[PDB]
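Asker: The following file, model_31.csv, comprises CSV, C-alpha atoms:
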```csv
chain,number,residue,atom,x,y,z
A,25,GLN,CA,-94.2,132.5,-118.3
A,26,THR,CA,-91.0,131.1,-119.8
A,27,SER,CA,-92.2,127.6,-120.5
A,28,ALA,CA,-95.2,129.0,-122.4
A,29,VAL,CA,-92.9,131.1,-124.6
A,30,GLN,CA,-90.5,128.2,-125.2
A,31,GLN,CA,-93.4,126.0,-126.3
A,32,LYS,CA,-94.5,128.7,-128.7
A,33,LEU,CA,-91.0,129.1,-130.0
A,34,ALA,CA,-90.8,125.3,-130.4
A,35,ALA,CA,-94.0,125.4,-132.4
A,36,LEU,CA,-92.5,128.2,-134.5
A,37,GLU,CA,-89.3,126.2,-135.2
A,38,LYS,CA,-91.3,123.1,-136.1
A,39,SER,CA,-93.5,125.0,-138.6
A,40,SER,CA,-90.4,126.8,-140.0
A,41,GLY,CA,-88.5,123.8,-141.2
A,42,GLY,CA,-85.3,125.1,-139.7
A,43,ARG,CA,-83.3,125.5,-136.5
A,44,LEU,CA,-84.2,128.4,-134.3
A,45,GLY,CA,-82.1,129.9,-131.5
A,46,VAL,CA,-83.5,132.6,-129.2
A,47,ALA,CA,-82.1,134.5,-126.3
A,48,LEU,CA,-84.1,137.3,-124.5
A,49,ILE,CA,-82.7,139.3,-121.6
A,50,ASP,CA,-85.3,141.4,-119.8
A,51,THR,CA,-83.3,144.0,-118.0
A,52,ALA,CA,-86.2,144.9,-115.8
A,53,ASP,CA,-85.5,141.8,-113.6
A,54,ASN,CA,-82.6,140.2,-115.6
A,55,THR,CA,-84.6,137.2,-116.5
A,56,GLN,CA,-83.5,135.2,-119.5
A,57,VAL,CA,-85.6,133.2,-121.9
A,59,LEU,CA,-83.6,130.8,-124.1
A,60,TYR,CA,-84.5,128.5,-126.9
A,61,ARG,CA,-81.4,126.5,-128.1
A,62,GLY,CA,-79.6,129.3,-126.2
A,63,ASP,CA,-76.4,127.3,-125.9
A,64,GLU,CA,-76.3,125.9,-129.4
A,65,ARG,CA,-73.9,127.4,-131.9
A,66,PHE,CA,-75.3,129.2,-134.9
A,67,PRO,CA,-73.5,131.0,-137.8
A,68,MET,CA,-73.5,134.7,-136.9
A,69,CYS,CA,-73.2,136.0,-140.5
A,70,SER,CA,-73.3,139.8,-140.4
A,71,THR,CA,-74.4,140.0,-136.8
A,72,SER,CA,-70.6,139.8,-136.2
A,73,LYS,CA,-70.3,143.3,-137.6
A,74,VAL,CA,-71.5,144.6,-134.2
A,75,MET,CA,-68.4,143.1,-132.5
A,76,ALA,CA,-66.1,144.6,-135.1
A,77,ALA,CA,-67.6,148.1,-134.9
A,78,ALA,CA,-67.5,147.8,-131.1
A,79,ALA,CA,-63.9,146.8,-131.1
A,80,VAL,CA,-62.9,149.8,-133.3
A,81,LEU,CA,-64.9,152.0,-130.9
A,82,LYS,CA,-62.9,150.5,-128.1
A,83,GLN,CA,-59.7,151.4,-130.0
A,84,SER,CA,-60.8,155.0,-130.3
A,85,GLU,CA,-61.0,155.3,-126.5
A,86,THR,CA,-57.2,155.5,-126.5
A,87,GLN,CA,-56.5,156.6,-130.1
A,88,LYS,CA,-58.1,160.1,-130.1
A,89,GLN,CA,-59.6,161.0,-133.5
A,90,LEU,CA,-59.3,157.4,-134.6
A,91,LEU,CA,-62.8,157.4,-136.0
A,92,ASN,CA,-62.0,160.4,-138.2
A,93,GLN,CA,-59.0,158.8,-139.8
A,94,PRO,CA,-59.3,158.2,-143.6
A,95,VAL,CA,-58.9,154.7,-144.8
A,96,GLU,CA,-58.2,154.0,-148.5
A,97,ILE,CA,-60.7,151.8,-150.3
A,98,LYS,CA,-58.8,149.9,-153.0
A,99,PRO,CA,-60.1,147.6,-155.8
A,100,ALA,CA,-58.7,144.6,-153.9
A,101,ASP,CA,-61.1,145.5,-151.0
A,102,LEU,CA,-64.2,145.2,-153.1
A,103,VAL,CA,-66.5,142.2,-152.7
A,104,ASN,CA,-70.0,141.2,-153.8
A,105,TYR,CA,-72.2,143.3,-151.4
A,106,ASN,CA,-70.7,146.7,-150.6
A,107,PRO,CA,-73.3,149.3,-151.4
A,108,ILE,CA,-71.5,152.2,-149.6
A,109,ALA,CA,-67.8,151.3,-150.0
A,110,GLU,CA,-67.9,150.7,-153.7
A,111,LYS,CA,-68.9,154.4,-154.0
A,112,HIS,CA,-65.5,155.2,-152.6
A,113,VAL,CA,-63.2,152.9,-154.4
A,114,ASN,CA,-59.8,154.6,-155.0
A,115,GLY,CA,-60.9,157.1,-152.5
A,116,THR,CA,-61.2,157.1,-148.7
A,117,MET,CA,-63.8,156.6,-145.9
A,118,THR,CA,-63.2,157.3,-142.3
A,119,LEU,CA,-63.5,154.5,-139.7
A,120,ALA,CA,-66.7,156.2,-138.5
A,121,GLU,CA,-68.1,156.0,-142.0
A,122,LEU,CA,-67.0,152.4,-142.4
A,123,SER,CA,-68.6,151.5,-139.1
A,124,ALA,CA,-71.9,153.1,-140.0
A,125,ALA,CA,-71.8,151.4,-143.4
A,126,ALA,CA,-71.1,148.0,-141.9
A,127,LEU,CA,-73.8,148.4,-139.3
A,128,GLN,CA,-76.5,150.2,-141.1
A,129,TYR,CA,-76.2,148.6,-144.6
A,130,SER,CA,-74.3,145.4,-143.7
A,131,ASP,CA,-71.6,146.6,-146.2
A,132,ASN,CA,-69.1,143.7,-146.5
A,133,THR,CA,-66.2,145.8,-147.8
A,134,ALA,CA,-66.7,148.1,-144.8
A,135,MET,CA,-66.7,145.1,-142.5
A,136,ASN,CA,-63.5,143.9,-144.0
A,137,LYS,CA,-61.8,147.2,-143.4
A,138,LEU,CA,-63.0,147.0,-139.7
A,139,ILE,CA,-61.6,143.5,-139.4
A,140,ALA,CA,-58.3,144.6,-140.9
A,141,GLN,CA,-58.2,147.6,-138.5
A,142,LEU,CA,-58.5,145.1,-135.6
A,143,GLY,CA,-55.7,142.8,-136.8
A,144,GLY,CA,-57.8,140.3,-138.6
A,145,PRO,CA,-60.6,137.9,-137.4
A,146,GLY,CA,-58.3,136.9,-134.6
A,147,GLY,CA,-58.3,140.5,-133.4
A,148,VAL,CA,-62.1,140.7,-133.4
A,149,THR,CA,-62.1,137.4,-131.4
A,150,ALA,CA,-59.5,138.8,-129.0
A,151,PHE,CA,-61.8,141.9,-128.3
A,152,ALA,CA,-64.7,139.5,-127.6
A,153,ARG,CA,-62.5,137.6,-125.1
A,154,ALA,CA,-61.4,140.9,-123.5
A,155,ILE,CA,-65.0,141.8,-122.7
A,156,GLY,CA,-65.7,138.3,-121.3
A,157,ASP,CA,-67.2,136.6,-124.3
A,158,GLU,CA,-65.6,133.2,-124.5
A,159,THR,CA,-68.1,131.8,-127.1
A,160,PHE,CA,-67.8,134.2,-130.1
A,161,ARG,CA,-65.3,133.2,-132.7
A,162,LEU,CA,-64.6,135.0,-135.9
A,163,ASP,CA,-62.5,133.0,-138.3
A,164,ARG,CA,-62.9,134.5,-141.7
A,165,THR,CA,-63.2,137.8,-143.5
A,166,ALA,CA,-66.5,139.2,-144.7
A,167,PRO,CA,-66.9,137.6,-148.2
A,168,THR,CA,-66.8,134.1,-146.7
A,169,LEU,CA,-67.9,134.2,-143.0
A,170,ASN,CA,-71.5,133.9,-144.2
A,171,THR,CA,-71.3,130.4,-145.6
A,172,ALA,CA,-73.2,129.1,-142.6
A,173,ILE,CA,-72.5,125.4,-143.3
A,174,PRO,CA,-74.0,123.0,-140.8
A,175,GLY,CA,-71.4,121.5,-138.5
A,176,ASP,CA,-68.9,124.2,-139.2
A,177,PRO,CA,-67.9,126.0,-136.0
A,178,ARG,CA,-66.2,128.9,-137.8
A,179,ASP,CA,-67.8,132.3,-137.3
A,180,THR,CA,-70.4,131.1,-134.8
A,181,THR,CA,-71.7,132.0,-131.3
A,182,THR,CA,-74.6,131.0,-129.1
A,183,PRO,CA,-77.8,133.1,-128.6
A,184,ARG,CA,-77.1,133.3,-124.9
A,185,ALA,CA,-73.5,134.5,-125.4
A,186,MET,CA,-74.5,137.1,-128.1
A,187,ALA,CA,-77.3,138.5,-126.0
A,188,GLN,CA,-75.1,138.9,-123.0
A,189,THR,CA,-72.4,140.6,-125.1
A,190,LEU,CA,-74.9,142.9,-126.9
A,191,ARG,CA,-76.2,143.9,-123.5
A,192,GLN,CA,-72.7,144.6,-122.2
A,193,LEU,CA,-71.9,146.7,-125.3
A,194,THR,CA,-75.1,148.8,-125.5
A,195,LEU,CA,-76.4,148.9,-121.9
A,196,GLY,CA,-73.4,147.9,-119.8
A,197,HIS,CA,-69.9,149.2,-119.5
A,198,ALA,CA,-67.9,147.4,-122.1
A,199,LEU,CA,-67.4,150.7,-124.0
A,200,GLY,CA,-66.9,154.3,-122.8
A,201,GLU,CA,-69.9,156.4,-122.7
A,202,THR,CA,-69.3,158.4,-125.9
A,203,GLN,CA,-68.5,155.1,-127.7
A,204,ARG,CA,-71.6,153.3,-126.3
A,205,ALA,CA,-73.8,156.2,-127.4
A,206,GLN,CA,-72.2,156.1,-130.8
A,207,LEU,CA,-72.8,152.3,-131.1
A,208,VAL,CA,-76.4,152.6,-130.1
A,209,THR,CA,-76.9,155.6,-132.5
A,210,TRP,CA,-75.6,153.4,-135.3
A,211,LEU,CA,-77.8,150.4,-134.4
A,212,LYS,CA,-80.9,152.6,-134.1
A,213,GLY,CA,-80.2,153.8,-137.7
A,214,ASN,CA,-80.0,150.3,-139.2
A,215,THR,CA,-81.7,150.2,-142.6
A,216,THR,CA,-81.9,146.4,-143.0
A,217,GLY,CA,-84.0,145.3,-140.1
A,218,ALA,CA,-87.6,146.3,-140.9
A,219,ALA,CA,-88.7,142.7,-141.7
A,220,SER,CA,-86.9,141.0,-138.8
A,221,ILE,CA,-87.2,141.7,-135.0
A,222,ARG,CA,-88.7,145.2,-135.7
A,223,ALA,CA,-91.6,143.7,-137.6
A,224,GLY,CA,-92.7,141.7,-134.5
A,225,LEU,CA,-92.6,144.6,-132.2
A,226,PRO,CA,-94.9,147.7,-131.6
A,227,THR,CA,-93.8,150.6,-133.7
A,228,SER,CA,-93.7,152.9,-130.6
A,229,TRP,CA,-90.8,150.8,-129.2
A,230,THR,CA,-87.3,152.0,-130.1
A,231,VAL,CA,-85.0,149.4,-131.6
A,232,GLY,CA,-81.3,149.2,-132.4
A,233,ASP,CA,-80.5,146.0,-134.3
A,234,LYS,CA,-78.1,144.3,-136.6
A,235,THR,CA,-79.4,141.7,-139.0
A,236,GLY,CA,-77.4,138.9,-140.7
A,237,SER,CA,-78.0,136.4,-143.4
A,238,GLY,CA,-76.0,133.8,-145.2
A,240,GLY,CA,-76.1,130.4,-146.8
A,241,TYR,CA,-78.4,127.7,-145.7
A,242,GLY,CA,-81.1,130.3,-145.5
A,243,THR,CA,-79.5,131.7,-142.4
A,244,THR,CA,-81.5,134.6,-141.1
A,245,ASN,CA,-80.3,136.4,-138.0
A,246,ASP,CA,-81.0,139.6,-136.0
A,247,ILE,CA,-79.7,140.9,-132.7
A,248,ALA,CA,-81.5,143.8,-131.0
A,249,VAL,CA,-81.6,146.1,-128.1
A,250,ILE,CA,-85.2,147.2,-127.5
A,251,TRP,CA,-86.4,150.2,-125.5
A,252,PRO,CA,-90.2,149.5,-124.9
A,254,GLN,CA,-92.4,152.1,-123.4
A,255,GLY,CA,-93.6,151.3,-119.9
A,256,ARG,CA,-90.7,148.9,-119.0
A,257,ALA,CA,-87.0,148.5,-119.0
A,258,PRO,CA,-85.0,147.6,-122.1
A,259,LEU,CA,-84.9,144.1,-123.6
A,260,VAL,CA,-82.0,142.4,-125.5
A,261,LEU,CA,-83.2,139.9,-128.1
A,262,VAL,CA,-81.1,137.6,-130.2
A,263,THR,CA,-82.9,135.6,-132.9
A,264,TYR,CA,-80.8,133.1,-135.0
A,265,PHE,CA,-82.3,130.9,-137.7
A,266,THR,CA,-80.8,128.4,-140.2
A,267,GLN,CA,-82.2,125.8,-142.5
A,268,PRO,CA,-81.1,122.5,-143.9
A,269,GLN,CA,-80.9,123.3,-147.6
A,270,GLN,CA,-77.9,125.3,-148.8
A,271,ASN,CA,-80.0,127.5,-151.0
A,272,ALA,CA,-82.9,128.0,-148.6
A,273,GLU,CA,-84.5,131.5,-148.8
A,274,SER,CA,-84.1,134.0,-146.0
A,275,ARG,CA,-86.9,133.9,-143.5
A,276,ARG,CA,-86.9,137.4,-141.9
A,277,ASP,CA,-90.6,136.8,-141.1
A,278,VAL,CA,-89.7,133.9,-138.8
A,279,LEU,CA,-87.5,136.3,-136.8
A,280,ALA,CA,-90.4,138.7,-136.7
A,281,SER,CA,-92.6,135.9,-135.4
A,282,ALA,CA,-90.0,135.1,-132.7
A,283,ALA,CA,-90.0,138.7,-131.6
A,284,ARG,CA,-93.8,138.8,-131.5
A,285,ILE,CA,-94.0,135.8,-129.3
A,286,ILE,CA,-91.4,137.4,-127.0
A,287,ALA,CA,-93.1,140.8,-127.0
A,288,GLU,CA,-96.5,139.3,-126.4
A,289,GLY,CA,-95.5,136.7,-123.9
A,290,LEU,CA,-93.0,138.3,-121.5
```
In structure tokens, write the structure found in this file.
Answerer:
Amino acid sequence: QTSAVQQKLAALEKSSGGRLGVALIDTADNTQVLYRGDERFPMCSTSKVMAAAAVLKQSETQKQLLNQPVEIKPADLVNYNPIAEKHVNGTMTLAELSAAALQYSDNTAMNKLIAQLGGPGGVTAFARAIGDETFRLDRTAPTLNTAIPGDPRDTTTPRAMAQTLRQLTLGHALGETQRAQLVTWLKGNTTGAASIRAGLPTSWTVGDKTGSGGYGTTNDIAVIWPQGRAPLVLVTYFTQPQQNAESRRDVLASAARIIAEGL
């Protein structure tokens, strides 16, 4: 029952010391369970899904776009870029950049995707094109994770992001080849084992994208294919009052467990 789940989520938030935002879409009956579902949260690297999806949308009309080489230059390097730094003064294809951004949260890769879309305004324009009026990307990858309270830059709501993730992976926002590619990348994520995945049965298939940033911001957005029932879309956003708070992936796992046990 939704109220029971929301009460548990409220208990989770209270014990966590932070602010918790949850949106669950159960596609079996299109019920939605929200907790702070219309509050804005910093997206951090969960925004990489929109950027990958927008480049996939570009490739629907620019054939072979994903195989185009992109130069990685020293000026592209930033703090966290475990794939792209191995290609400085070389190239990576836009497919490789998308995979690196999604599966390793590589921030140089994300910056190349943002640039390929015409800047943060271009990523935001893609969101608007697919009916997301809430998402806003305002900054490039080495600064969009500051997650300062009160700062509307690089934020969305749980409800908006769950609706958009559903449209991208289970709906028709992308062509079929592109949708399959996005889902393949998300299923291959390497950074999510402690977040939503840790609160779910291992026999369920998950595609997800984590995010983290300042103020102990710890996020995860996921498409879930349980056994025995239709897919779920789950967004879990979490942020804390101290600028130097530690990440709490285990809180997202608890959110996912409450959802997976209660609905």
Asker: Which residue, A:185, A:262, A:136, A:197, has the smallest gap to residue A:164 when you use all atoms listed in the file?
Answerer: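 Checking each candidate against residue A:164, we get A:136 as the closest.
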Asker: Find the residues near residue A:108: any atom within 9 Å, counting all atoms listed in the file, skip ones fewer than 2 places away on the same chain, and give them as a PyMOL selection string.
Answerer: chain A and resi 106+110-112+122+125-126+129+131+133-134
Asker: Please dump the current selection as a short mmCIF file (atom, residue, chain, number, x, y, z; two decimals), keeping the file's coordinate frame; keep C-alpha atoms.
Answerer:
```cif
data_model
loop_
_atom_site.label_atom_id
_atom_site.label_comp_id
_atom_site.auth_asym_id
_atom_site.auth_seq_id
_atom_site.Cartn_x
_atom_site.Cartn_y
_atom_site.Cartn_z
CA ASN A 106 -70.70 146.70 -150.60
CA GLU A 110 -67.90 150.70 -153.70
CA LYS A 111 -68.90 154.40 -154.00
CA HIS A 112 -65.50 155.20 -152.60
CA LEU A 122 -67.00 152.40 -142.40
CA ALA A 125 -71.80 151.40 -143.40
CA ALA A 126 -71.10 148.00 -141.90
CA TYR A 129 -76.20 148.60 -144.60
CA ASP A 131 -71.60 146.60 -146.20
CA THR A 133 -66.20 145.80 -147.80
CA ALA A 134 -66.70 148.10 -144.80
#
```
Asker: Nearest to residue A:260 among A:39, A:104, A:51, A:237, with distances taken over all atoms listed in the file: which residue is it?
Answerer: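 That would be A:51, the residue with the smallest distance to residue A:260.
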Asker: Between A:148, A:100, A:75, A:80, which is the closest to residue A:118 once you count all atoms listed in the file?
Answerer: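 Residue with the minimum atom-to-atom distance to residue A:118: A:80.
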Asker: Can you tell me, as a list in words, what residues are no more than 6 Å from stretch 211-226 of chain A when counting all atoms listed in the file, ignoring any on the same chain fewer than 6 positions away?
Answerer: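 Result of the neighbour search: residues 128, 232, 233, 235, 276, 279, 280, 281, 283 and 284 of chain A.
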Asker: Just checking: using all atoms listed in the file, which residue out of A:274, A:254, A:87, A:206 ends up closest to residue A:127?
Answerer: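 So, comparing all the options, the nearest one is A:206.
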Asker: Contacts of residue A:47 at 9 Å or less, counting only C-alpha atoms, minus same-chain residues fewer than 4 places along, as a list in words?
Answerer: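 Close residues of residue A:47: residues 56, 57, 59, 60, 61, 62, 182, 183, 184, 185, 186, 187, 188, 260, 261, 262, 263 and 264 of chain A.
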Asker: With only C-alpha atoms as the counted atoms, please give the residues lying no more than 7 Å from residue A:179, apart from itself and same-chain residues fewer than 2 positions off, as a PyMOL selection string.
Answerer: chain A and resi 67-68+161-164+169+177
Asker: Restricting the calculation to all atoms listed in the file, which member of A:34, A:290, A:69, A:250 is positioned closest to residue A:170?
Answerer: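 Under the stated criterion, the closest residue is A:69.
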Asker: Compile the contact shell of residue A:44 as a PDB file with C-alpha atoms, keeping the file's coordinate frame: residues with an atom at most 7 Å away, counting all atoms listed in the file, same-chain residues fewer than 5 positions apart removed.
Answerer:
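File out.pdb, as written:
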```pdb
ATOM      1  CA  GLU A  37     -89.300 126.200-135.200  1.00  0.00           C
ATOM      2  CA  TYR A 264     -80.800 133.100-135.000  1.00  0.00           C
ATOM      3  CA  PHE A 265     -82.300 130.900-137.700  1.00  0.00           C
ATOM      4  CA  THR A 266     -80.800 128.400-140.200  1.00  0.00           C
TER       5      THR A 266
END
```
Asker: Determine the nearest neighbour of residue A:26 from the options A:142, A:243, A:49, A:227, counting all atoms listed in the file.
Answerer: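 Among the listed residues, the smallest separation from residue A:26 belongs to A:49.
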Asker: How many Å lie between atom CA of residue A:105 and atom CA of residue A:171, rounded to one decimal?
Answerer: 14.2 Å
Asker: Taking all atoms of stretch 178-196 of chain A that the file lists, what box with edges along x, y and z, padded by 5 Å per side, do you get, with centre and edge lengths in Å to one decimal, as lines of an AutoDock Vina configuration file?
Answerer:
```
center_x = -72.0
center_y = 138.9
center_z = -128.8
size_x = 21.6
size_y = 30.0
size_z = 28.0
```
Asker: If you measure from atom CA of residue A:76 to atom CA of residue A:149, what distance in Å do you get, rounded to one decimal?
Answerer: 9.0 Å
Asker: What gap, in Å, lies between atom CA of residue A:174 and atom CA of residue A:244?
Answerer: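 Pair atom CA of residue A:174 / atom CA of residue A:244 returns 13.8 Å.
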